[PDB]
Amino acid sequence: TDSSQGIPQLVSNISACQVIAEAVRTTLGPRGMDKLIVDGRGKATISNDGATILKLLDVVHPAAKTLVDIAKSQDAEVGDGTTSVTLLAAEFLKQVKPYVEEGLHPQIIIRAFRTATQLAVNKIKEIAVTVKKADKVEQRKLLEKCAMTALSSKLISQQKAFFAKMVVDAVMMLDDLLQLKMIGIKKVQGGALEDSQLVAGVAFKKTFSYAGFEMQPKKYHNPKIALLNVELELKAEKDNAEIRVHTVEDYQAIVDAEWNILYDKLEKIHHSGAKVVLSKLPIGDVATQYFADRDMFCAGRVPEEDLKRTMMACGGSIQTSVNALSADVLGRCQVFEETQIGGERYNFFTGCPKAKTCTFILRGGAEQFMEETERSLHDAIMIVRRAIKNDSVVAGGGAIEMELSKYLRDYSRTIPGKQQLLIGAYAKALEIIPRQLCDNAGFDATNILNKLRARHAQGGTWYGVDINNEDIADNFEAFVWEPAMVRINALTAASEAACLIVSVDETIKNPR
Amino acid sequence: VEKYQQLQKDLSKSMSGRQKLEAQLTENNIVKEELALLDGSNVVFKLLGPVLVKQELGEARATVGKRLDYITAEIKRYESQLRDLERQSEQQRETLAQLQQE
Amino acid sequence: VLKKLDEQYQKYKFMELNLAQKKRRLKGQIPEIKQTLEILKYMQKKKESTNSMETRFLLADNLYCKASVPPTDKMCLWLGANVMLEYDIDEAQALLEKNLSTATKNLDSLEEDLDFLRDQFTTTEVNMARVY
Amino acid sequence: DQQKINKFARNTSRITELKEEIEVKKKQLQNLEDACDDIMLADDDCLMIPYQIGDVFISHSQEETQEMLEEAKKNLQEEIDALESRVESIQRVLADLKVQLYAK
Amino acid sequence: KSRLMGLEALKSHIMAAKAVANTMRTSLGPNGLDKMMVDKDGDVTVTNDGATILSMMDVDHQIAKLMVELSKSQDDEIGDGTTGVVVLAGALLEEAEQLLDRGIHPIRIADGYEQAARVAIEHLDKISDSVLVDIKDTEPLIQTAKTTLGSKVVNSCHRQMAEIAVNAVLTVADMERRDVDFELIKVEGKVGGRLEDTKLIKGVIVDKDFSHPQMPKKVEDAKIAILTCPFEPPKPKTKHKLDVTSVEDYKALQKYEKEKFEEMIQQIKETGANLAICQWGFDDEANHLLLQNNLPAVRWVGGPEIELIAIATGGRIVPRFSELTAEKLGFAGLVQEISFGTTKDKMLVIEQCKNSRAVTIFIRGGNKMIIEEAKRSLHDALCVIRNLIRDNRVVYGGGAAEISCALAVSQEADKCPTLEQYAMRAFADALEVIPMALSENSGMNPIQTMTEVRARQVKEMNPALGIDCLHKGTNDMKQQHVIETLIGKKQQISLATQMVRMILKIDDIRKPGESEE
Amino acid sequence: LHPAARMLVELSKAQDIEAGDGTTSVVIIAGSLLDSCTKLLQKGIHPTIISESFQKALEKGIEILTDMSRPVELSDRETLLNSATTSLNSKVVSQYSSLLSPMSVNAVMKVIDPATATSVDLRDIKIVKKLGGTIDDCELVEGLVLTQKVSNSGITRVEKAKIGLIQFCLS
Amino acid sequence: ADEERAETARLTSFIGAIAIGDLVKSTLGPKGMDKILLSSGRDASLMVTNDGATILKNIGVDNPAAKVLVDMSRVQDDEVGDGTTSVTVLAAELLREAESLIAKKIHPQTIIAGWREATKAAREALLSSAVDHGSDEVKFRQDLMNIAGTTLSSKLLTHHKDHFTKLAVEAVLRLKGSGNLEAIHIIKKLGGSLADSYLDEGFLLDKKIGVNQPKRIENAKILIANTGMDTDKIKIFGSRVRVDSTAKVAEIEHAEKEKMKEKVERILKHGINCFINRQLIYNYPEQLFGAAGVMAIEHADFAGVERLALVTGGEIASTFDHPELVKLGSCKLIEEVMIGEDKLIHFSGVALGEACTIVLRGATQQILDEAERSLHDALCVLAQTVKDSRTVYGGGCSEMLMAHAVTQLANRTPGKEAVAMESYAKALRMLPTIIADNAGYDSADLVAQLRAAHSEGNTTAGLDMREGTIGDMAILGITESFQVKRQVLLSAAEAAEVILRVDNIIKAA
């Protein structure tokens, strides 16, 4: 049993929580200096946001684990705001840390935390505007503008308007709850930057040419789908078979009987009713003979990750087992199509009985400019599918954060004693998302903040900074939108973790 | 290590058929005590399987004399088989024990 | 996991010994009924094999007395437990042939079913262990 | 749980039991055969040839004395051919149980 | 836990990128000095290609671990140019330190590196006109593959190789909307004869079996019996038991199987496809009996070899001896036999005028070592022609277009005058590293080399007159005939700015002790 | 274990098999020559030069040494007797070499057919130990002398015997 | 993986290849030095060699520049014969010359491009030294005894070289326009001395058959076959192997006696007097062969039977696939001559006048194996001399000649490239420094003396290294083979530039 107490324990928790906030400080921004993460796995892992990287860390500080668990709690609800709870609570602890040796060893701050965060969440929904049907939108221009907001970050000229209205349609078809991975955009070699295809079901990227591959049907009215799990080939078996010889007709029997069992592999589920043969594992040269002879379609080396999306929308499952091979495990569609885009045979699964995976398929014949398009779209989905869930949408981009810091140094004057130093530190931490994006877009980051406060001493409407227009503006009039509730959840979560860690200056351990 | 028991089983299997010979060895000496008393008083046959074939007394003396000699031929090879399998395995008990350790 | 594999190894090995107690009793019946048929079916009677033959009687295991045979035509077989009945050839023949055919099939039909009764015992003891 | 490896475990054990039955019938085959040749070589028909059936004896020709042993060698060898006809049948399933793990 | 913040990140990003860019810049062009490799099995390997070596070198850094997949995208699409994307992107990278040492933020240059990549791609639309007709443009590709062959694997340019290689691609492009798939073609190489031997096969090849020359060596009509069923007794690598009742029973058995040989003939021959090929093999005993019985048969055929002949013919395979039809037989355009190599044996070449689903250039060698070095020259020559058959966009690269866009991007730092000007400056000076590197590995002074064509840009814009690397003293690109595809150079622009974008993607440089461990 | 030292054991072994005598002196001559080698390599003379000069002087020295030598008989048995034992009395052991000198003289005289009298094969000379007996009873028995015979019912003294060999197994 | 940079790789290539070039320059020349062999593994056994090829085999090479040299050392070994140790020092002599250029600043592509042009220019100077000797029977006889002393003394045989020198040049003389190694049969055999060695005109088998079979065969008909007697070959005549019965052994026991009787009828219907069999011949067909006059050979050589069908015009029976259509060989005289301690078979007067058999007679295994390896390296060069009856003037005399011609071209061309041509012409003159050090002389004197010779064009005289004095050429004993140096100049200039190509060395082991 070990223990450490007091202020030298407590400040050690603070600077431990600073370093993880030094990491994620602009990971909601697209930029920084990268870390691929290799563990005892030995495998390469990168990310675009910090929350996936925070899932990779085995934290060594238990006080820093608490800031993780609040941020993961923010991550568990929406999938976003993980960074926002992280940075605000640490810069609280950054400014409080000199005051502790000044005598903020009492927990007088914890009354100042709540009185700050009650006023703030009463401003967020108040300044936010409720709109779904047509209050300023077209029932679609809400989802069009936010998608054009995300696709204006990278310099797509006018196709970003064409790319917007397509990915609007993928959200409305799928919409059951805030989930984005079924919409996941498949990078397609081939196609153009002018054509773009939405799929109501799933699709398979690659399938290879076997014997009689084009002698298998392309048009279905109901694909009876078998999502098999095994590899077929003649060279998977080993031979020891024996019987007596009195002629050369016995020579035909030993080879043919080892092929009927390979033909027995397929006929069990084909007589169950299945017509579509799918395996992420290869199909044999002799095994694909019977597949063209069955006149039922097969597709080998399909993606297993794409094979999992077939299980949801089609009512299917994983396949061949020792028993229970019936129509209860098969998947269904209504339309099969195979459109060779680029040089790959690209399959269409649409007409699914369940709206459980509505993906959008982007083309262009590229890898780099298309990845520029996808990552903007992956966050465009995160805005608009949440914009359906909450009718009241506020402006993002630090528009309201600078407004709160205007509101609270005023409130610091009304607050007496040591707690106003909290509110001065509370208004201090709010600028942290402007502090990164000004240096990301390229600005004297502090002098921007000085400019935004004058427009809150004179206006105070939506004034923040732009990273995509690269200036200062009203971010609602710059159309940077996101629903206000996740901010209210972030304001509560950042206040909760910050008051908790400072409440512990005494930590009890057991190395036994 | 399977090499420990394997040299022992190949030795012990040869010993079991060798111990069969020794009771036959004594009774090969018993019959030579009984063939010496016969000079024509009682003739002898030979019990070989399901057929009992006629012998003579001089035919009997050579018959058990050969089978006395075939036993002694299998005795001497085992003395070679005893010392070889006990010395080869003794070398193996040092080296093959170190294989399982490291 | 190898830990679940290790418990099933010992429970399979111990149930092998209970099978060998039953097979050897089935094994011990077979050569005794085997000696009854082949010695009878080759000699077939003093009557059926065409009068007086030779004999060297079994008085003991090493003492055989040579004599001329000629008996009357009967065979006093031995049943056991204070019972001897005099028999003839036709009564003694068809009985032992039936005991010959079953003693193989008593060994054959059981030795598969003993191999699965072992498999019942090893499977039963591991499912109760993983639950409670 | 796999029922094909349940068939695969039964298949290999049936390979083992068949080959052992061939070996014990081959040694009985040579035992009767070499019992024929030794008794013919010594003392053919002079006055009579006693032959053992239990503890009573029959006296007849030298070639008929072989003839009882000749018949049992004929019965034993036909089994050895039929045993190897089952050794061959236990190998064809062994080549086919590898595919049935992938099929079902 | 150690965190290497900012510059301390970038110093780790320097050292692997400094290492890999310096080993490529000794390897640009035909004056490129070869790359040596000892394998993890301890095996000597000598190439000059980066995508080989980056796949072969055991990468040990986030920069280095990136370069496998980065050079994967270049070689699978373009082919040659594995070195130039590494030299360029590292030269922006080491300059970005100097900008960060100047105090210029690493984000605002990574913003401007993409826009600097835009104006370069914008310039390539003006550079090197994009119209080359189908009969004519084979000859500069005959000249381009002359450059790849005639300096690296063979000192004096096998002429039969570079002219067949442009002909295999038109076999597939016409059927595939003026594009070739790289699984519909295959660079097939088998040594055994002469290194001068090179053939084009519209289908596949199998080694034709004849057991005796006293038995007739046949080749006939353009239809192949793609069979797995027995036309000759097969062998699935095991053993029955042999037993015959009498010797005269075996004397009749030879007369019995001879009728059974004719039955396998009269079933197949009445369906067509007189060239019988069965997958499982046999000895030469009943092989020359079937040769005497007037149908040739190929034995001991590889497993997937029956599949590749099926898709090349487009038809199916006959699974069983009782199922017999012509749609499961091959649909071939020409079946003729040509000797394998010059000395050992013969093949059976099955050409098709129907389906170009496997068009294989077939080369030979007198050395096993030279042929994969020959094939590696042929691997990249068949990838650059895929760019031309879609669009006839070409580039005069090698020192002309490198100095040309370096004028333009440096001008675009002044035309578009804002913050990204040093990012465009870091892009423009890094463009000059490349024709330096063509003369750096050369015996010429690269410092003199960047001077000359720079004066030519004062003379003439959009140059077909850049440096040479054959030391002929004739600096051209159209009379030195150093011409490449415009799609390929444009792809190299996208890939190099991708890597600098990729290492900028999170701001996280902290580890738990395990982020590269 | 040194390669110059492993040539030394080869140097004496060749003196063992060619002569068997002078095996101590063959050691001392080689180290003496190495003293001459050090002076000339310090002088700066190529070892190829020092090699061929010694091979010439070897051929040259034995020529002048031959003139120093005096010719003696090889077919006179008595001249061989006086020549051998004076060396044998010159060596350390002469306590048994006195009676054993003429036994060796009669032994070689049988294989001295010419006057040239070649080098000698010791591959017809067999040394056979008898466990008892005396140095006075040591003698020369022609042909070969065998060890223990194993005769089950076999002959002891056979006149005009046929020497046979068995190289096959009986089991 | 360890990515060796170019600044490190030049140091590694200089310590890697030059130290190997230090070893082979020792074991060059008959007057030259030797090398103790130290086995790289445990229990190091020692041999003393005058051959650099064996040094690479004993001492393991794991220097990446020097592992290139092992490939170059193998090519001159097998395809060329002599020139193994000479090509490997010569590339090292190039790489030493590149050091000062690398020390200055100079790119290796300067160094490569200069040496490529300098190689082809000296190659024409090598063609300038091409002088015919097949213009006379006597000068071609004088040509063969020139090079026969050169190769054998270069590969550790000079004591009994002259007995092999007289015998080997005679068999090459019968080749007459066509270089042949499948007509010269090479037989090593223990027995006799190295003055007991023999040259047979025709073919030879080491078979002691005595008087049971015919050993004197005049006007022979030779069946070259592999047909056994007890093996029961193809074209079955009786029973085949079967199971599942016990009384079928009687047909198998009787069928062996019919096949051996029938094969005697098969062999006699050829009309031959000599049945050559690779397999063992059973005693009953063997005694049927000697009475009629058919020679019977058992346990024949696996390669000798195939060389027998070539020299006699016959053909192999292809394991009894050809029972009668197999063609017959024919020769004049078949005589059993006791050479050494052994009884030998001499096929004399064969159909090929080119065909001969050298018979090596070593007193021990130590001398017999080292003689054949030097003799096989000689006859490969002498067979190349049959195609081109030309020499070049050895002893570094041609080395002084071509280096002048490069120096003339280096003093007409010299842009960027012929800085290397200046380093090229020094490295050619570096090879006679080795032989003068092999002879153990003032190399700086003898080169500058020989440089003064070929400067005005005294080419007919170079340095006779036995005294190191200048002496006659165009045949001396030292005037070497044309075919050797044109291969050595080809490979040494080649791989040394390839070493200059590999700067991007990566070690992943």
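What counts, and where the lines are drawn
Residues numbered from 1 in each chain as written, not as in the entry; some residues may be left out. Chains lettered and ligands numbered in written order. Part of a larger assembly, values for the part shown. Heavy atoms only, no water. UniProt positions renumbered as here; feature names shortened; annotations may be inferred. Pairing = 2+ DSSP bridges. Helix = DSSP H or I, 4+ residues; strand = E, 2+ residues; numbered from the N terminus. Buried < 20%, exposed > 50% of the residue type's maximum accessible area, 1.4 Å probe, protein only. Contact = heavy atoms within 4.5 Å. Buried area = accessible area lost by both parts, 1.4 Å probe. Salt bridge = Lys/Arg side-chain N within 4 Å of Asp/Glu carboxyl O. Polar contact = N/O pair within 3.5 Å; in protein donor to acceptor, adjacent residues only side chain to side chain. Axes fitted to C-alpha atoms, helices over the stretch in contact; angles between N-to-C directions.

As stated in the entry header, the method of structure determination is cryo-EM and the reported resolution is 7.8 Å.

As named in the PDB entry, chain B is Prefoldin subunit 6, taken from Homo sapiens. Check the Sequence similarities section of the UniProt entry for chain B; it says "Belongs to the prefoldin subunit beta family."

In the nomenclature of the PDB entry, chain A is known as T-complex protein 1 subunit eta of Homo sapiens. Annotation of chain A in UniProt includes, under Catalytic activity, the sentence "ATP + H2O = ADP + phosphate + H(+)". Within the UniProt record for chain A, the comment given under Sequence similarities is "Belongs to the TCP-1 chaperonin family."

Peer 1: I'd love a proper account of the sheet that holds strand β18 (residues 480–481) of chain G, names of residues and values included.
Peer 2: In a beta sheet, neighbouring strands are held together by backbone hydrogen bonds and run either parallel or antiparallel to one another. Residue and element names in this part refer to chain G. Taking strand neighbours across the sheet as the criterion, the three strands line up as β4-β15-β18 in an open arrangement whose pairing is antiparallel. Looking at which strands have only one partner, the edges of the open sheet turn out to be β4 (131–132) and β18. Of the strand pairs in this sheet, β4 and strand β15 (residues 390–392) are connected by two bridges, and their pairing is antiparallel. Bridge assignment links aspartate 132 to a residue of β15, and that residue is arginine 390.

Peer 1: Account for unusual backbone geometry, naming residues and giving values.
Peer 2: Positive phi values are uncommon outside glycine, yet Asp295(A) reaches one of about 55 degrees. Here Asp295(A) is to be found in the loop between α9 (287–294) and β8 (298–300). For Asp295(A), a relative accessible area of 48% gives the class partly exposed. Positioned with a positive phi, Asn82(C) is a non-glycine residue whose angle comes to about 60 degrees. By the element assignment, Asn82(C) lies in the loop between β3 (75–78) and β4 (84–87). Owing to a relative accessible area of 87%, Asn82(C) belongs among the exposed residues under this scheme.

Peer 1: Can you explain the interface of chain A and chain E? Please cite residues and give values.
Peer 2: Each partner contributes residues to the interface: chain A has 78 residues there, and chain E has 75 residues. Here chain A meets chain E over a buried area of about 6800 Å², counting both sides, of which 51% is carbon and sulfur. Here chain A and chain E share nine salt bridges between them. Where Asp181(E) meets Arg345(A), a salt bridge forms, and the shortest distance between an N and an O atom there is 3.5 Å. The tally of links between chain A and chain E comes to 23 residue pairs in polar contact. Those elements that provide at least two residues to the side of chain A that touches chain E are α1 (6–23), α2 (50–56), α8 (249–270), α9, β10 (335–341), α11 (368–389) and α14 (432–441) of chain A. Element by element, the count of residues in the side of chain A that touches chain E is highest for α8(A), at nine residues.

Peer 1: Explain the arrangement of the chains residue by residue, including any values.
Peer 2: No other pair of the 10 pairs of chains in contact has as many contacts as chains A and E. A minimum C-alpha distance of 25 Å separates chain A and chain B, which share no contact. Nowhere do chain C and chain G come into contact; their C-alpha atoms are at least 24 Å apart.

Peer 1: For the pattern of salt bridges, give the residues involved together with the corresponding values.
Peer 2: Residue and element names in this part refer to chain C. In total, this model carries 79 salt bridges over all chains according to the counting rule given. A salt bridge links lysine 41 to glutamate 97; its shortest N-O distance comes to 3.6 Å. Placement of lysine 41 in helix α1 (residues 2–43) and of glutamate 97 in helix α2 (residues 89–131) is noted, with a sequence separation of 56 residues between them. When its relative accessible area of 33% is taken as the criterion, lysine 41 is described as partly exposed.

Peer 1: Any chance you could break down the sheet that holds strand β9 (residues 222–225) of chain G for me, citing the residues and the numbers?
Peer 2: Residues and elements named next belong to chain G. Spatially, β9-β10-β11 is the arrangement adopted by the three strands of the open sheet, whose pairing is parallel. Every other strand in the sheet has two partners, leaving β9 and β11 (295–297) as the edge strands with one partner each. Put simply, the sheet's adjacent strands are angled 10 degrees from each other on average, direction ignored. In the sheet, β9 pairs with strand β10 (residues 274–277) via four bridges, with the strands oriented parallel. Bridge pairing links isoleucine 222 to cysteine 274 in β10.

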